[PDB]
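Asks: Sharing work.csv, CSV, C-alpha atoms:
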```csv
chain,number,residue,atom,x,y,z
A,1,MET,CA,20.8,10.4,-12.5
A,2,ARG,CA,23.7,9.1,-10.3
A,3,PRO,CA,25.0,5.4,-9.9
A,4,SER,CA,25.3,5.6,-6.0
A,5,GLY,CA,28.9,7.2,-5.8
A,6,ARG,CA,29.9,7.9,-2.1
A,7,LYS,CA,27.9,5.7,0.4
A,8,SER,CA,25.4,7.5,2.8
A,9,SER,CA,26.2,10.9,1.0
A,10,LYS,CA,22.8,12.6,0.1
A,11,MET,CA,20.8,10.9,-2.7
A,12,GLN,CA,19.1,13.7,-4.8
A,13,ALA,CA,15.6,12.2,-4.5
A,14,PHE,CA,13.1,14.8,-5.9
A,15,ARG,CA,9.2,15.2,-6.1
A,16,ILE,CA,6.9,17.9,-7.6
A,17,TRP,CA,3.3,19.2,-6.7
A,18,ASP,CA,1.2,22.5,-6.3
A,19,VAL,CA,-0.5,24.3,-3.4
A,20,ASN,CA,-4.1,24.1,-4.9
A,21,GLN,CA,-4.2,20.4,-3.5
A,22,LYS,CA,-2.5,18.9,-6.8
A,23,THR,CA,0.4,16.5,-7.2
A,24,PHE,CA,2.6,14.9,-10.0
A,25,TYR,CA,2.8,11.0,-10.0
A,26,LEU,CA,3.9,8.1,-12.3
A,27,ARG,CA,1.4,5.1,-13.0
A,28,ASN,CA,2.8,3.1,-16.0
A,29,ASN,CA,4.4,5.3,-18.7
A,30,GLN,CA,3.6,9.1,-17.6
A,31,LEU,CA,3.6,11.5,-14.6
A,32,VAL,CA,-0.2,12.3,-14.2
A,33,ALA,CA,-1.3,15.8,-13.0
A,34,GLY,CA,-3.3,17.2,-10.1
A,35,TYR,CA,-5.3,14.4,-8.6
A,36,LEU,CA,-6.1,11.2,-10.9
A,37,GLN,CA,-5.8,7.8,-8.9
A,38,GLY,CA,-3.6,6.4,-6.1
A,39,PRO,CA,-5.4,3.5,-4.1
A,40,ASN,CA,-2.7,2.4,-1.4
A,41,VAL,CA,0.5,4.4,-2.3
A,42,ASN,CA,1.4,2.4,-5.5
A,43,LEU,CA,3.1,5.4,-7.4
A,44,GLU,CA,6.7,6.4,-6.0
A,45,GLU,CA,7.6,9.8,-7.7
A,46,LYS,CA,11.4,9.9,-6.3
A,47,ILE,CA,13.7,10.9,-9.3
A,48,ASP,CA,17.5,11.8,-9.0
A,49,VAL,CA,18.1,15.5,-10.0
A,50,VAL,CA,21.7,16.2,-11.6
A,51,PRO,CA,22.7,19.9,-12.6
A,52,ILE,CA,25.3,21.3,-15.2
A,53,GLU,CA,26.5,24.2,-13.0
A,54,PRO,CA,23.4,26.7,-12.3
A,55,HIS,CA,20.7,23.9,-11.5
A,56,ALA,CA,19.8,23.0,-15.3
A,57,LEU,CA,20.7,19.4,-16.7
A,58,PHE,CA,18.7,16.0,-16.4
A,59,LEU,CA,16.6,13.6,-14.1
A,60,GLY,CA,16.9,9.7,-13.3
A,61,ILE,CA,15.8,6.7,-11.1
A,62,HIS,CA,11.9,6.1,-10.3
A,63,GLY,CA,12.3,2.7,-8.6
A,64,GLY,CA,15.1,1.2,-10.8
A,65,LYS,CA,17.1,3.1,-13.5
A,66,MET,CA,14.3,5.1,-15.4
A,67,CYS,CA,15.9,8.3,-17.0
A,68,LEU,CA,13.7,11.5,-17.3
A,69,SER,CA,14.7,12.9,-20.7
A,70,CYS,CA,13.1,14.9,-23.7
A,71,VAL,CA,12.6,11.7,-26.0
A,72,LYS,CA,12.2,11.7,-29.9
A,73,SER,CA,8.9,10.3,-31.2
A,74,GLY,CA,9.7,11.0,-35.0
A,75,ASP,CA,8.8,14.7,-35.5
A,76,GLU,CA,7.4,15.4,-31.9
A,77,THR,CA,9.4,15.3,-28.5
A,78,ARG,CA,7.8,14.9,-24.9
A,79,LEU,CA,8.9,14.0,-21.3
A,80,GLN,CA,9.6,10.2,-20.9
A,81,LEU,CA,11.0,7.8,-18.3
A,82,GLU,CA,13.3,5.7,-20.7
A,83,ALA,CA,14.9,2.4,-19.2
A,84,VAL,CA,18.8,3.0,-19.1
A,85,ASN,CA,20.5,-0.4,-19.2
A,86,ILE,CA,24.1,0.8,-18.2
A,87,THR,CA,25.4,1.8,-14.6
A,88,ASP,CA,28.9,3.2,-15.9
A,89,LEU,CA,27.8,5.9,-18.4
A,90,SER,CA,26.3,8.9,-16.3
A,91,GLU,CA,26.7,12.5,-17.5
A,92,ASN,CA,28.1,15.2,-15.1
A,93,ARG,CA,27.8,18.3,-17.5
A,94,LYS,CA,26.7,17.3,-21.2
A,95,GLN,CA,26.0,19.6,-24.3
A,96,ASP,CA,22.6,21.0,-25.6
A,97,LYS,CA,20.6,18.1,-27.4
A,98,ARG,CA,17.1,16.6,-26.8
A,99,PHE,CA,17.8,15.2,-23.2
A,100,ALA,CA,18.2,18.2,-20.7
A,101,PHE,CA,16.0,20.7,-18.9
A,102,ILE,CA,16.3,24.4,-17.7
A,103,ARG,CA,14.7,24.3,-14.1
A,104,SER,CA,13.5,28.0,-13.8
A,105,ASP,CA,12.8,28.0,-10.0
A,106,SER,CA,11.2,31.5,-9.1
A,107,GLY,CA,11.5,31.0,-5.2
A,108,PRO,CA,8.9,28.3,-4.2
A,109,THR,CA,7.5,27.3,-7.8
A,110,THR,CA,9.3,26.2,-11.1
A,111,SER,CA,8.9,25.7,-14.9
A,112,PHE,CA,10.7,23.1,-17.2
A,113,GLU,CA,12.6,24.2,-20.6
A,114,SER,CA,13.3,21.1,-22.8
A,115,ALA,CA,16.4,20.0,-24.9
A,116,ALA,CA,17.7,23.0,-23.1
A,117,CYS,CA,17.9,26.6,-24.7
A,118,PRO,CA,15.8,25.6,-27.9
A,119,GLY,CA,13.5,22.6,-28.1
A,120,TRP,CA,10.1,22.5,-26.1
A,121,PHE,CA,8.3,24.6,-23.3
A,122,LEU,CA,7.8,24.1,-19.5
A,123,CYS,CA,4.0,23.3,-18.6
A,124,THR,CA,1.7,20.6,-17.1
A,125,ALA,CA,-2.1,19.7,-17.4
A,126,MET,CA,-4.5,21.6,-15.0
A,127,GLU,CA,-7.1,18.9,-13.7
A,128,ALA,CA,-7.1,15.2,-12.6
A,129,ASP,CA,-6.4,13.1,-15.9
A,130,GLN,CA,-3.7,14.4,-18.3
A,131,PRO,CA,0.2,14.5,-17.6
A,132,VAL,CA,3.4,16.8,-17.5
A,133,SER,CA,3.7,18.8,-20.9
A,134,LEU,CA,6.7,20.3,-22.7
A,135,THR,CA,4.5,22.5,-25.1
A,136,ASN,CA,5.0,24.6,-28.3
A,137,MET,CA,3.9,28.1,-26.7
A,138,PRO,CA,4.6,30.1,-23.3
A,139,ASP,CA,2.0,30.8,-20.4
A,140,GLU,CA,-0.5,33.0,-22.5
A,141,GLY,CA,-3.6,31.2,-20.9
A,142,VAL,CA,-2.4,27.6,-21.7
A,143,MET,CA,-1.4,25.2,-18.8
A,144,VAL,CA,0.4,25.0,-15.3
A,145,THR,CA,4.1,26.1,-15.6
A,146,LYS,CA,4.1,27.3,-11.9
A,147,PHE,CA,4.6,24.1,-9.7
A,148,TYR,CA,6.1,23.6,-6.2
A,149,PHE,CA,9.5,21.8,-5.8
A,150,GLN,CA,9.9,19.2,-2.9
A,151,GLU,CA,12.9,16.8,-1.8
A,152,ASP,CA,13.0,13.2,-0.2
A,153,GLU,CA,9.9,11.7,1.6
```
Represent the structure from my file as structure tokens, please.
Replies:
Amino acid sequence: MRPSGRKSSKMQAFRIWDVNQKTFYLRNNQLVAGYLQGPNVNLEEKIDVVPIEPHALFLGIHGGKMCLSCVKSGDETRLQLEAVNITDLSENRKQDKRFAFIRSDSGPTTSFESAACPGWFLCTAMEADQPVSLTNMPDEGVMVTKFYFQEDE
């Protein structure tokens, strides 16, 4: 999540998929898993990745100022693209609250911790219909917390 800064100096545009012919992609309000629907490339998964110091912090852009955060739905909290209506306030480091992620990249594939140290846990749906999921339990036969990390187009 960066408001331009230096001109022509590397935009951090990020995309996520997996080697079993599966991809992450936004339709209206959620990043769908594996392979649902994409008729003539009307999706655009490019998000700006900003780190605290060792890779972990937050995500933002998806067309025009949509911030990927751990949002509060009363008692529950899931991954959401909230519309940020301010170009001046953009966090470089930030403290532990329901808004960051620990990106645990084990060489070619990662996992997403939520809030940051406490909060919610790293997975995504297995087949072509449900989305990205910050769950209540680890990988004890649950979902896909082993997904490949790709940059730009």
Asks: Hey, can you check how far CA of residue 9 (chain A) sits from CA of residue 95 (chain A)?
Replies: 26.8 Å
Asks: Which one is closest to residue 22 (chain A): A:151, A:54, A:140, A:34? Count all atoms listed in the file.
Replies: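 Answer, going by the shortest atom-to-atom distance: A:34.
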Asks: Check the smallest atom-to-atom distance from each of A:2, A:146, A:98, A:78 to residue 66 (chain A) using all atoms listed in the file, then report the winner.
Replies: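 Counting all atoms listed in the file, the residue closest to residue 66 (chain A) is A:2.
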Asks: What's around residue 112 (chain A) at 7 Å? Count only C-alpha atoms, leave out sequence neighbours fewer than 5 positions away in its own chain, and write the answer as number ranges by chain.
Replies: A: 101-104, 121-123
Asks: Rank A:42, A:37, A:92, A:30 by their smallest atom-to-atom distance to residue 128 (chain A), using only C-alpha atoms, and report the top residue only.
Replies: A:37
Asks: Please, what distance in Å, to one decimal, runs between CA of residue 67 (chain A) and CA of residue 84 (chain A)?
Replies: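 So the answer is 6.4 Å.
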Asks: Given the choices A:1, A:33, A:12, A:77, which gets closest to residue 132 (chain A) if the distance is worked out from only C-alpha atoms?
Replies: A:33
Asks: Please compute the CA of residue 152 (chain A)-CA of residue 63 (chain A) distance, one decimal, in Å.
Replies: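 Rounded to one decimal, the two atoms are 13.5 Å apart.
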Asks: Using all atoms listed in the file, which of A:62, A:10, A:97, A:72 sits nearest residue 117 (chain A)?
Replies: A:97
Asks: Between A:81, A:47, A:143, A:52, single out the one closest to residue 111 (chain A), counting only C-alpha atoms.
Replies: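 Among the listed residues, the smallest separation from residue 111 (chain A) belongs to A:143.
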Asks: Around region 79-97 of chain A, with edges along x, y and z and 6 Å added on all six sides, what centre and edge lengths do you get, in Å to one decimal, as JSON?
Replies:
```
{"center_x": 18.9, "center_y": 10.3, "center_z": -21.0, "size_x": 32.0, "size_y": 33.4, "size_z": 24.8}
```
Asks: Give me the residues within 12 Å of residue 3 (chain A) as number ranges by chain, counting only C-alpha atoms and dropping any in the same chain fewer than 2 places off.
Replies: A: 1, 5-7, 11-12, 48, 50, 60-61, 64-65, 67, 84-92
Asks: Using all atoms listed in the file, collect all residues at a distance of at most 12 Å from (5.1, 6.7, -6.0) as written in the file, then present them as a list in words.
Replies: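 Residues found, by chain and rising number: residues 13, 14, 15, 16, 23, 24, 25, 26, 27, 28, 30, 31, 32, 37, 38, 39, 40, 41, 42, 43, 44, 45, 46, 47, 61, 62, 63, 152 and 153 of chain A.
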Asks: Tell me which protein, DNA and RNA residues are within 7 Å of residue 148 (chain A), counting all atoms listed in the file, leaving out same-chain ones fewer than 2 positions away, and put them as a PyMOL selection string.
Replies: chain A and resi 16-18+108-110+150
